[PDB]
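Student: Dropping a structure here in structure tokens format, bear with me for questions.
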Amino acid sequence: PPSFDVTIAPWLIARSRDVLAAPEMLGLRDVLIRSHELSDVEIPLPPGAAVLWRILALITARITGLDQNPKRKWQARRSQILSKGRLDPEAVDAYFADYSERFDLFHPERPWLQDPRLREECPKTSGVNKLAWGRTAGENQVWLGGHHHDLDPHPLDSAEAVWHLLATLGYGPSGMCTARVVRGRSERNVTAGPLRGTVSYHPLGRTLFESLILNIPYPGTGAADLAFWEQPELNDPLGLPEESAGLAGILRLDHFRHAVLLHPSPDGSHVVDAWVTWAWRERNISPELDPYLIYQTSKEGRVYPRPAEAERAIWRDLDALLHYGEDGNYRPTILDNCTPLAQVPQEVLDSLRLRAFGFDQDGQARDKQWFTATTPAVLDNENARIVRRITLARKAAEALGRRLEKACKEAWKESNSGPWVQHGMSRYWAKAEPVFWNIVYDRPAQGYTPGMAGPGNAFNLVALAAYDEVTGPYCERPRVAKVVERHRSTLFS
Amino acid sequence: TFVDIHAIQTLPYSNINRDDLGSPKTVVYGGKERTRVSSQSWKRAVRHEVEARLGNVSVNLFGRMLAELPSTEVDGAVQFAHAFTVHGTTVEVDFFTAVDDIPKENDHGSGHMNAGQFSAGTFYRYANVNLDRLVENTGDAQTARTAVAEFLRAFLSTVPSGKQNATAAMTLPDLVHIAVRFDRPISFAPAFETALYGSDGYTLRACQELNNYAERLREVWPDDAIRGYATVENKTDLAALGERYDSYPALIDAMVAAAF
Amino acid sequence: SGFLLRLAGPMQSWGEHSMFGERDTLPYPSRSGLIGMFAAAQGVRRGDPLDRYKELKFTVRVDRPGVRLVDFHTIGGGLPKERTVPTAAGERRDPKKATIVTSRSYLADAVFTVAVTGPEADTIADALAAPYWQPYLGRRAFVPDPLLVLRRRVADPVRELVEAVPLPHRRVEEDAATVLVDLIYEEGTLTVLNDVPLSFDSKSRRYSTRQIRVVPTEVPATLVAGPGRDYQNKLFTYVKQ
DNA sequence: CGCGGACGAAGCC
DNA sequence: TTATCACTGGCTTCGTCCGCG
């Protein structure tokens, strides 16, 4: 019979902090056990990883450190585990000992992260090409990402199938898909992924161990909860997705909006067909903000995670990752709990370094770009001053930058009574990141004064240099020169 | 054996291809922005003349039919470089207004005010074709003859169709240089990495500049490359480019003959 | 063994991590790209073991960083529905929706000098001199500068990029020296990116991560060339000797 | 009467 | 001095309706 154990069968790429040669593929158990020896384990799809780090954080929280002066007891228990440096393998095999038969992805009953009843009531298989990302599904245009005619498709290996699976449970097309009659009701319509189009932020250490431990969000006191893959019950598609105060409900793993089924190859080496289909009809609000994402409120008062953006340079978001101030956005709770000195770790904070997964795509089923971003290491009153410099910097920076946008745009119009904005921003941000990074490290940057609280209008000189680099050849005819300079004067501040 | 062609085709005030906005595509090169016509656009035009004139050498010479499913040969052994202007070019805005024919008891409140961008210049075009893969894939050497000869003349004659009804950009290349090279393909693009200065025209000056670059590269690498070039001017000699030919089809004939 | 490559030309684009309509290039050459170009020069069919190319080293000096531009790039627009790009289902979509709109990015006016150092790099140079398929910088449409290989054979090429290879014109203050140039080392800011190509098979191209270290280095100001047309002369002078 | 082609149903404010 | 300032599209599966043969 086809079987594929996630704990045993290798699928997580792993490079240790040692040797730094030949990264080896490991299963989930072997990875989770040798965490202290390996530096990191990765998968090529940032969405897949964006949910992966959630799965590992939840699992290691359920093994150690759940439910629970609750705050001081959590930070104390937290301090012991961070100081000890190694989880005992017997508690991992004891945590898996409760769900030993449940981690098969092709299990006859209760398949991993799947719905077994979906195989019936679904006359047409979606196909591997409809599940995996970057693979042209049935009606898509075939042009890019390898041509796949949806006729005799080469079956994915199971590991990559797990990656694309995790992606679909996270980000998933909100469009209508294959229909499933459930007790007479067939609405082939499918909802959107729970965190579709946001960049997840997981902090890192020197190995996966302490990183995964800092990944654990603080569970507020409430009802004990359990994940979708930890549910003894098989979900009923109709009804309300009941709320969940437990950490498995705020780690977005209590139930996923989509539902995938993978048809196994006789050996279990490949996936041959797939079914992606709706699991719930009426959408309900999930309690509490996702600790990983940066939230932000725009007029109308809507609290929403800032949608990723391929165009934006990442560094500005990193500034938001800091607070005790509020710059118009709510922000991320895990970062707030995890990194300030009120917490408890002594030194790991000095060497921790933040990582970002951002899959920016349509509000529908269209997709444009994903990206990872292992940004350096960043961390009271003295610290408050360093953050204050960072804010007053990112502020002056984008503010004058967009003012240069309006400038360029308007300029070209009033001239002609625009091609300048695109190239303007390209050189601008490309030239602007290193100047910012010099400001944060308090290094000397021309037009900027080291160790002065004020911004120093350095970005004025950068934007002016970029502006002249773009508009140079068109300040030629006297009229256009008049408009272009009279709008360049505004960047002088 | 690679046969590559360099041309210095000029285009009057035109907007053959354009961005998502109205402005033409531009490559900032040598510190000076310079208009370009992307490679795929000109290549698609070439594909239509070659296939029209031929009445599967098109899936061989060019990579793969756009409307056909991949037939295990997606590559083509033809490499079109993006044409770019020899000199720096400011995008020249053309303000235009659509006229309303029926007139009310008011005057001239025209139908549509707008401004569209256009540009003109002497594009340095370039392409190479890998004969060896073409022979190995097509089989018959004569099919290779018609494919390369007919492809070459097509390379010269065609011009993309974009905003052409408003601007008649039809033209013939001023300089063509086909160099049958056995070592490796070489583009003379860096000859124009320093945009030429203006006010007197560029055809002659660009010709002689390309001559200097050909002289020097041939100096660094003396080779058995069979060369030849044809121009619409008889006033200036370009010894580095090979023997002169009276006309373009004569040249193409001599070089296809030279390949076999 | 080892030799100096110069990745130059009007436009280049060493993209990665983009698998949809928008393509994007890294501001730095990637290892996958250069390995694939050498593989094209040697006739490595798509899917053949590329392990031979493993064990190579790529120190890359950025002369001019260049300005990256967004090339708008539609495919199939303006053609009758009957001849448009096929569907996976097989039915051409309606002509009002049949045009694909890719927005491919590319680096323009950027020049890097990668110093490939390895065990057999001399044979790959022997292949660049007479390539099996045309080498290109990222997208095949981009055509390499004729000076693709500055020196066929060099003992310790990184030392020769650190000095004695000209660089493009930049501000040289009076009585100044030691102009800053960013070298990119593989081992010893920094970024993590998916480059090292495990396989080039068109059916399932897969990669693994390679750490890239960005080292601001100090090179003699004498290398910087004069403002106009001297740079080509200096490069050629270097190439012959 | 059969077949082919085209538009709509959301998800979304 | 006054009037004028375009559209269209590059999402998802399938079903139904309509035009055709």
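Ligands are numbered from 1 in the order shown, residues from 1 within each chain, and chains are lettered A, B, ... in the order they appear in the structure tokens.
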Return the neighbours of chain E among the residues of chain B, cut-off 10 Å, counting only C-alpha atoms (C1' of nucleotides), as a list in words.
Tutor: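 The answer, sorted by residue number, is residues 97, 98, 99, 100, 106, 107, 108, 109, 110, 111, 112, 113 and 114 of chain B.
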Student: I want to know what sits within 12 Å of residue B:235, based on only C-alpha atoms (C1' of nucleotides), with residues of the same chain fewer than 5 positions away left out; could you give that as a list in words?
Tutor: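 With the cut-off at 12 Å, the set is residues 204, 207 and 208 of chain B.
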Student: Name the residues of stretch 61-168 of chain B that fall into helix (DSSP H, G or I) according to DSSP on the backbone, using the chain letters and numbers of this document, as a ChimeraX atom specification.
Tutor: /B:61,131-138,141-157
Student: What is the atom CA of residue C:119-atom CA of residue C:2 distance in Å, reported with one decimal?
Tutor: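 Between atom CA of residue C:119 and atom CA of residue C:2 the gap is 7.8 Å.
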Student: Identify every residue of chain A that has at least one atom within 9 Å of any atom of chain E, counting only C-alpha atoms (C1' of nucleotides), and report the result as a VMD selection string.
Tutor: chain A and resid 139 173 to 179 188 to 189 362 364 to 366
Student: Next, dump the selected residues to file, keeping only N, CA, C and O atoms, as a compact mmCIF listing (two decimals), in the first residue's frame.
Tutor:
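Saved the output as result.txt:
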# COMPACT_ATOMS: atom_id res chain seq x y z
N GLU A 139 -6.76 25.71 -17.89
CA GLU A 139 -7.03 26.73 -18.90
C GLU A 139 -5.91 27.78 -18.99
O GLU A 139 -5.93 28.60 -19.92
N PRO A 173 -5.85 30.19 -4.53
CA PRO A 173 -6.73 30.98 -5.39
C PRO A 173 -8.12 31.07 -4.81
O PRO A 173 -8.72 30.07 -4.43
N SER A 174 -8.66 32.29 -4.79
CA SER A 174 -10.01 32.55 -4.32
C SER A 174 -11.04 32.27 -5.39
O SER A 174 -12.23 32.54 -5.18
N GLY A 175 -10.62 31.76 -6.52
CA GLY A 175 -11.53 31.52 -7.61
C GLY A 175 -12.27 30.23 -7.48
O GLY A 175 -11.96 29.38 -6.65
N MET A 176 -13.28 30.09 -8.32
CA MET A 176 -14.08 28.88 -8.31
C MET A 176 -13.28 27.74 -8.92
O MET A 176 -12.52 27.92 -9.87
N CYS A 177 -13.48 26.55 -8.37
CA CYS A 177 -12.76 25.36 -8.81
C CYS A 177 -13.66 24.16 -9.00
O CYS A 177 -14.84 24.30 -9.33
N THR A 178 -13.10 22.97 -8.83
CA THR A 178 -13.88 21.76 -9.05
C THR A 178 -14.99 21.67 -8.01
O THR A 178 -14.79 21.95 -6.83
N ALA A 179 -16.17 21.27 -8.47
CA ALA A 179 -17.36 21.21 -7.63
C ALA A 179 -17.42 19.93 -6.82
O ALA A 179 -16.97 18.86 -7.26
N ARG A 188 -19.31 25.09 -6.83
CA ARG A 188 -17.90 24.89 -7.12
C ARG A 188 -17.04 26.06 -6.67
O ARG A 188 -15.81 26.03 -6.80
N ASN A 189 -17.68 27.09 -6.13
CA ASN A 189 -16.99 28.27 -5.64
C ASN A 189 -16.09 27.92 -4.47
O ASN A 189 -16.46 27.11 -3.61
N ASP A 362 -2.56 38.98 -6.59
CA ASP A 362 -3.95 39.41 -6.78
C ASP A 362 -4.87 39.17 -5.59
O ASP A 362 -4.59 38.31 -4.75
N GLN A 364 -7.65 37.93 -6.17
CA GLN A 364 -8.23 36.76 -6.79
C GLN A 364 -7.27 35.58 -6.89
O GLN A 364 -6.64 35.19 -5.91
N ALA A 365 -7.17 35.04 -8.10
CA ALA A 365 -6.31 33.91 -8.42
C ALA A 365 -5.06 34.27 -9.19
O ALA A 365 -4.30 33.37 -9.57
N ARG A 366 -4.81 35.55 -9.47
CA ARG A 366 -3.62 35.91 -10.22
C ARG A 366 -2.44 36.01 -9.26
O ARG A 366 -2.60 36.39 -8.09
Student: Got a sec: who's within 12 Å of residue A:331, counting only C-alpha atoms (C1' of nucleotides), leaving out chain neighbours fewer than 2 positions off, as a PyMOL selection string?
Tutor: chain A and resi 201+289-297+303-306+317-329+333-337
Student: Could you tell me which of A:2, A:434, A:472, A:145 comes closest to chain B if we count only C-alpha atoms?
Tutor: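 Once distances to chain B are computed over only C-alpha atoms, the minimum belongs to A:472.
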Student: Taking only C-alpha atoms into account and nothing else, which residues of chain C lie no more than 8 Å away from chain A? Please answer as a ChimeraX atom specification.
Tutor: /C:17-22,67-69,85-91,100,189,191-192,194,202-203
Student: Those residues you just picked out, can you put them in a file as a PDB file, in the first residue's frame with C-alpha atoms?
Tutor:
ATOM      1  CA  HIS C  17      13.024  33.407  -7.474  1.00  0.00           C
ATOM      2  CA  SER C  18      10.465  34.722  -9.977  1.00  0.00           C
ATOM      3  CA  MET C  19       8.137  32.073 -11.410  1.00  0.00           C
ATOM      4  CA  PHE C  20       5.241  34.073 -12.829  1.00  0.00           C
ATOM      5  CA  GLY C  21       4.402  36.882 -15.223  1.00  0.00           C
ATOM      6  CA  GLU C  22       6.821  39.363 -13.667  1.00  0.00           C
ATOM      7  CA  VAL C  67      20.510  50.778 -13.447  1.00  0.00           C
ATOM      8  CA  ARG C  68      17.887  48.027 -13.502  1.00  0.00           C
ATOM      9  CA  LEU C  69      14.874  48.738 -15.739  1.00  0.00           C
ATOM     10  CA  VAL C  85      -0.807  30.760 -27.540  1.00  0.00           C
ATOM     11  CA  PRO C  86      -2.335  27.366 -26.699  1.00  0.00           C
ATOM     12  CA  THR C  87      -4.159  26.575 -23.498  1.00  0.00           C
ATOM     13  CA  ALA C  88      -3.336  23.647 -21.250  1.00  0.00           C
ATOM     14  CA  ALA C  89      -6.907  22.551 -21.825  1.00  0.00           C
ATOM     15  CA  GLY C  90      -6.121  23.250 -25.481  1.00  0.00           C
ATOM     16  CA  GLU C  91      -8.752  25.843 -26.424  1.00  0.00           C
ATOM     17  CA  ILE C 100       0.035  37.499 -22.129  1.00  0.00           C
ATOM     18  CA  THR C 189      26.179  43.080   4.117  1.00  0.00           C
ATOM     19  CA  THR C 191      22.265  37.880   1.365  1.00  0.00           C
ATOM     20  CA  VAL C 192      20.976  34.341   0.896  1.00  0.00           C
ATOM     21  CA  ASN C 194      18.615  30.221  -4.430  1.00  0.00           C
ATOM     22  CA  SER C 202      13.544  21.803 -18.488  1.00  0.00           C
ATOM     23  CA  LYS C 203      10.931  19.559 -16.884  1.00  0.00           C
TER      24      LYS C 203
END
Student: Could you please select, counting only C-alpha atoms (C1' of nucleotides), the residues of chain C within 12 Å of chain E and state them as a list in words?
Tutor: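 Putting it all together, I get residues 21, 73, 74, 75, 76, 77, 78, 89, 93, 94, 95, 96, 97, 98, 99, 100, 101, 102 and 103 of chain C.
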Student: Closest to chain A among B:88, B:173, B:63, B:76, using only C-alpha atoms?
Tutor: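 So, comparing all the options, the nearest one is B:88.
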Student: Apply DSSP to the structure's backbone, then extract all residues of stretch 19-98 of chain C labelled strand (DSSP E or B) and return them as an NGL selection string.
Tutor: :C and (22-23 or 25-26 or 57-64 or 67-75)
Student: Restricted to N, CA and C atoms, what would the selected residues look like written as a short mmCIF file (atom, residue, chain, number, x, y, z; two decimals), in the first residue's frame?
Tutor:
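So the final result, stored in selection_13.cif, reads:
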data_model
loop_
_atom_site.label_atom_id
_atom_site.label_comp_id
_atom_site.auth_asym_id
_atom_site.auth_seq_id
_atom_site.Cartn_x
_atom_site.Cartn_y
_atom_site.Cartn_z
N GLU C 22 5.73 38.42 -13.89
CA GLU C 22 6.82 39.36 -13.67
C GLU C 22 8.10 38.60 -13.37
N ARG C 23 9.16 38.96 -14.07
CA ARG C 23 10.48 38.39 -13.86
C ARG C 23 11.32 39.50 -13.26
N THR C 25 15.51 40.45 -11.85
CA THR C 25 16.90 40.06 -11.84
C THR C 25 17.52 40.54 -10.54
N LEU C 26 18.51 39.82 -10.12
CA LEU C 26 19.35 40.27 -9.03
C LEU C 26 20.34 41.33 -9.48
N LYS C 57 34.58 28.39 -8.30
CA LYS C 57 34.56 29.56 -7.43
C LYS C 57 34.29 30.80 -8.27
N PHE C 58 33.48 31.72 -7.74
CA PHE C 58 33.07 32.94 -8.45
C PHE C 58 33.20 34.20 -7.60
N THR C 59 34.38 34.79 -7.57
CA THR C 59 34.57 36.15 -7.06
C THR C 59 34.16 37.14 -8.14
N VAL C 60 33.26 38.07 -7.85
CA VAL C 60 32.72 38.96 -8.88
C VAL C 60 32.92 40.41 -8.48
N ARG C 61 33.74 41.14 -9.24
CA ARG C 61 33.92 42.56 -8.97
C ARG C 61 32.91 43.37 -9.78
N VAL C 62 32.18 44.26 -9.10
CA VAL C 62 31.17 45.10 -9.75
C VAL C 62 31.84 46.40 -10.21
N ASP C 63 32.09 46.54 -11.51
CA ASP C 63 32.66 47.83 -11.88
C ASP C 63 31.62 48.93 -11.73
N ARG C 64 30.72 49.01 -12.71
CA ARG C 64 29.56 49.88 -12.70
C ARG C 64 28.34 49.08 -12.28
N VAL C 67 21.89 50.45 -13.80
CA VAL C 67 20.51 50.78 -13.45
C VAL C 67 19.54 49.75 -14.02
N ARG C 68 18.86 49.04 -13.13
CA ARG C 68 17.89 48.03 -13.50
C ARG C 68 16.56 48.64 -13.93
N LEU C 69 16.07 48.22 -15.10
CA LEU C 69 14.87 48.74 -15.74
C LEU C 69 13.86 47.63 -15.98
N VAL C 70 12.59 48.02 -16.00
CA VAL C 70 11.48 47.11 -16.23
C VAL C 70 11.08 47.12 -17.70
N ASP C 71 11.37 46.03 -18.40
CA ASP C 71 11.03 45.85 -19.81
C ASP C 71 9.62 45.27 -19.93
N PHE C 72 8.69 46.05 -20.47
CA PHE C 72 7.34 45.57 -20.73
C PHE C 72 7.37 44.56 -21.87
N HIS C 73 6.70 43.42 -21.72
CA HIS C 73 6.95 42.34 -22.67
C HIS C 73 5.70 41.48 -22.85
N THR C 74 4.84 41.89 -23.78
CA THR C 74 3.67 41.08 -24.10
C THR C 74 4.05 39.97 -25.07
N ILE C 75 3.19 38.96 -25.15
CA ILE C 75 3.42 37.79 -26.00
C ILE C 75 2.10 37.32 -26.59
#
Student: Using only C-alpha atoms, find each residue in chain A having at least one atom no more than 8 Å away from chain B; report its shortest atom-to-atom pair and that distance in Å (one decimal), rows by chain then rising number, as a tab-separated table.
Tutor:
residue	atom	partner	partner_atom	distance
A:147	CA	B:70	CA	7.4
A:149	CA	B:69	CA	8.0
A:416	CA	B:93	CA	7.1
A:418	CA	B:21	CA	7.6
A:419	CA	B:23	CA	6.8
A:473	CA	B:90	CA	6.4
A:474	CA	B:90	CA	6.5
Student: Now that the selection is made, can you save its residues with N, CA, C and O atoms as a compact mmCIF listing (two decimals), in the first residue's frame?
Tutor:
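What ended up in part-v8.txt:
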# COMPACT_ATOMS: atom_id res chain seq x y z
N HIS A 147 6.13 24.26 -19.75
CA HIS A 147 4.87 24.03 -20.41
C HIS A 147 4.28 22.71 -19.92
O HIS A 147 4.97 21.68 -19.93
N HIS A 149 0.78 20.61 -20.61
CA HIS A 149 -0.45 20.60 -21.40
C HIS A 149 -1.64 20.06 -20.65
O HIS A 149 -2.68 19.86 -21.28
N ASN A 416 4.70 68.68 -20.82
CA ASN A 416 3.90 68.28 -21.96
C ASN A 416 2.48 68.86 -21.88
O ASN A 416 1.65 68.62 -22.76
N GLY A 418 3.90 59.21 -16.79
CA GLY A 418 5.16 59.74 -17.29
C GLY A 418 6.30 58.76 -17.18
O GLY A 418 6.42 58.06 -16.19
N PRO A 419 7.15 58.70 -18.21
CA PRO A 419 8.29 57.76 -18.18
C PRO A 419 9.34 58.08 -17.13
O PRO A 419 10.19 57.23 -16.84
N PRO A 473 18.55 64.89 -19.64
CA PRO A 473 18.40 65.19 -21.07
C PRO A 473 17.10 65.88 -21.46
O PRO A 473 16.99 66.30 -22.62
N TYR A 474 16.14 66.04 -20.56
CA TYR A 474 14.88 66.67 -20.94
C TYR A 474 14.71 68.02 -20.30
O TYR A 474 13.64 68.62 -20.38
Student: Tell me, in Å to one decimal, how far atom CA of residue A:382 is from atom CA of residue A:341.
Tutor: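 Going from atom CA of residue A:382 over to atom CA of residue A:341 covers 12.1 Å.
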Student: So how far away is atom CA of residue C:186 from atom CA of residue C:207, in Å?
Tutor: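 Atom-to-atom, atom CA of residue C:207 and atom CA of residue C:186 are spaced 16.2 Å apart.
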